[PDB]
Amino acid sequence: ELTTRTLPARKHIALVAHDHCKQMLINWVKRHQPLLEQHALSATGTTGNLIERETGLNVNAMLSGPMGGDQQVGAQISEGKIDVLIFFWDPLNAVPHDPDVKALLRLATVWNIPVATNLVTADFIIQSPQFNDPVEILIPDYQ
């Protein structure tokens, strides 16, 4: 049983990267600075401060993955508060919070928000002529 929810024109974007993937995330943000500047940005750990020092964008801070930030992101997705997830997780290194990694991606699938796990997916999303449009999405009907 489905219902609908409205993703707004101006979006709340979560930016999450594993250690060997933080330089890949910062290069992506740099290439799309004017596209990100009017949306709201959040990031786990110190990635936000790295983005801030290199580009000037404001990024709200959350806990690092190992300390709980992935669950912070996931809780907000399910409350309808985060609209997009860019999650450059590391497929070539084992992390102790892998349960948190898979739980967060599970919820981004359940709640049907645009979610990219690599560069080319993130390009298709952020460069799309619809990224700045409101979006009506099908979601589970919790009641």
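One rule holds for the numbers: they count along the sequence shown, beginning at 1.
Taking only CA atoms, the mean B-factor in the PDB entry is higher for 131-139 than for the other of 131-139 and 9-17. Per the PDB record, of the two stretches 18-26 and 116-124, 18-26 carries the greater mean B-factor over its C-alpha atoms. Looking only at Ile51, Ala43, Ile82, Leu104, the residue with the top Cα B factor in the deposited structure is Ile51. Based on the entry's C-alpha B-factors, the most elevated value among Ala75, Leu57, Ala108, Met67 belongs to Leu57. Split the chain's modelled residues into thirds by C-alpha temperature factor. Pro96 is in the middle one. Ranked by C-alpha B-factor against the other modelled residues of its chain, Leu36 falls in the middle third. Sort the modelled residues of the chain by CA B factor and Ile86 lands in the lowest third.
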